[PDB]
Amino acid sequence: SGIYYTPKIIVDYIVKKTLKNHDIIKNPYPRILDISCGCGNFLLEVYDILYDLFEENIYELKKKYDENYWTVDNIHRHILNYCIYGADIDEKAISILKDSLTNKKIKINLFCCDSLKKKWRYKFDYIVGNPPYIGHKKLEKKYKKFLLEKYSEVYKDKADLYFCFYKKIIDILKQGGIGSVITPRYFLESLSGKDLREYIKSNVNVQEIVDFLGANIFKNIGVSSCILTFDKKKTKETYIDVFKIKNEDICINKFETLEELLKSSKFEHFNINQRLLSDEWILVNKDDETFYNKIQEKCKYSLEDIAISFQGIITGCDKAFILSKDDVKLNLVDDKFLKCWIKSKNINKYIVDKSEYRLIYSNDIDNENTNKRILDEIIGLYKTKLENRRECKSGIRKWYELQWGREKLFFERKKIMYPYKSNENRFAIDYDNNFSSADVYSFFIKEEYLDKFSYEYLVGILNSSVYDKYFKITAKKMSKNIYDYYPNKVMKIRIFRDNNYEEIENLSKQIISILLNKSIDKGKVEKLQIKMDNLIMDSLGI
């Protein structure tokens, strides 16, 4: 496949947003383009809107211009000759769209091509549509070479194709033109989006951002969506209207139009000064802005200053190396090769569940002839798969070695761990030398900062409600009740030390002591957490 249907409410909102206040009398030849038209979800609606626009002013146009040209009977043809433009890579979609535009009642400006390679011969008044989203794993590598060569200002490292579509749209937009598109929301906060953000802020005035957060706009699609509207007008003041959803549980058809949704109690509205955006786009209301600025100002250190961070093991084929601790095959493996192994769901606040899995740290198997039983009966079962790994085909790793085995000495110590995707802050102290995959991240404290910061104090403040809200201010929202907890944002969290250090650390130690008992009652832990939150709010003056 490859063609995705956009909900009609979204299409109507986008077309109306671009064409609401067009002066058809002053310009009866607007050029309106969709470079991912597909079957023409947007373009057919553009035809309807334009037909009403032209018919409403047919006699005014007849008087101001050639009176024989401007007839209702001539509207259709005119629309299809000078106004509607579409491009797509699929021949069948273009043929279907051409048939529909013909049946609305002549040369139709429909192109079957790759929009990122087409030499565009003129700019456009209005651009709308839904571009393709393809990530770094699902993109062919020759095409990635092309993108890296030609779209270097926005496409780099782990970036996405729709970054290039943003750049192309911006480049072929007329002065005073208006663009409105629906894309994934991740570029707003992702590390890969940085350059793209810089390209937008520097080249268009951003009118409006609609952030649906984790709501499901596309049925049976695992993606989170936003709508962006921007222009190239001579702007005096550059202020952005931000509509952020307040309940991800909504159904999009709650009203006849998206405008009713935006103005209702289901959304929140606020304004952001485009001139005040840094390389990061902190899009929050004034209360959250004050909260964030207080926290940033009062804190002297960051986690990056005082800690060393790392990503977990990447075996390359988990079924070959990970076994249940009760699996009989572990009798074939010397215990010097076995490590405790945990998943992201084993990380609670302040402590980790006990391990249920073992990792065969196969890097320390010297010769294949020694311990050949392990290679024959456990790892070799997936040998074919293991040989398709990149470092095996290139020869850097033997077929039975872990793909990215990291350094054991970093794991086999006291450290703090957190899951890579979570609904809330879950920072735990690891006491058991646990190993994990890339779905859990770790850090430990630098030696020179041990006397300023203990592990108990850090898990105490990082697990608080204050720091939950503070981290989620700028965190990358992925899907319903899921944020990314990656070092590129976690290590930028700022921390403090003051008169309340000792009581916070003591409360943290009490919480840890309760959580490790045979008969845990979480209630006193909740009360202690409330008291610690009061201490933190006192320290930060919020």
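Each residue number is its position in the shown sequence, starting from 1. Under this definition, the rigid core comprises the largest set of C-alpha atoms superposing within 1.5 Å between the forms.
_Once everything is fitted on the core, do the CA positions of 139-147 or those of 252-260 lie farther from the shown form in 9 other deposited structures of this protein?_
Checking 139-147 against 252-260 in 9 other deposited structures of this protein, I find the farther stretch is 252-260.
*Which class fits the unmodelled deposited stretch between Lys105 and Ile106: none, 1 to 3, 4 to 9, or 10 or more?*
Missing residues, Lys105 to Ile106: 4 to 9.
*Would you determine, from the values in the PDB entry, which of 331-339 and 179-187 has the greater average C-alpha temperature factor?*
In the deposited entry, the stretch with the higher C-alpha B-factor mean is 331-339.
*Where do the C-alpha atoms have the higher mean temperature factor in this entry, in 189-197 or in 274-282?*
Comparing 189-197 with 274-282, the higher mean C-alpha B-factor belongs to 274-282.
*Quick one: which of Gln403, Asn463, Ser224, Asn388 shows the highest Cα temperature factor in the PDB entry?*
Checking the PDB record, the top C-alpha B-factor among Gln403, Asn463, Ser224, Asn388 is at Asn388.
*Please work out which residue in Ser437, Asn253, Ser309, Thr229 has the highest C-alpha B-factor recorded for this crystal structure.*
Across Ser437, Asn253, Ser309, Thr229, the entry lists the biggest C-alpha B-factor for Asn253.
*Among all modelled residues of this chain, ranked by Cα B factor, put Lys64 in the bottom, middle or top third, i.e. lowest, middle or highest.*
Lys64: CA B-factor falls in the highest third of its chain.
*Give the position of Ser302 by CA B-factor within its chain, expressed as the lowest, middle or highest third.*
As the PDB entry reports it, the C-alpha B-factor of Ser302 lands in the middle third of its chain.
*C-alpha B factor of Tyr51, ranked within the chain: lowest, middle or highest third?*
Within its chain, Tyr51 is a middle-third residue by C-alpha B-factor, going by the deposited values.
*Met537 - which third its CA temperature factor falls in, relative to the rest of the chain*: Ranked within chain, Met537 CA B lands in the middle tercile.
*Assigned third (lowest, middle, highest) for the C-alpha B factor of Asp498*: According to the entry, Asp498 has a C-alpha B-factor in the chain's middle third.
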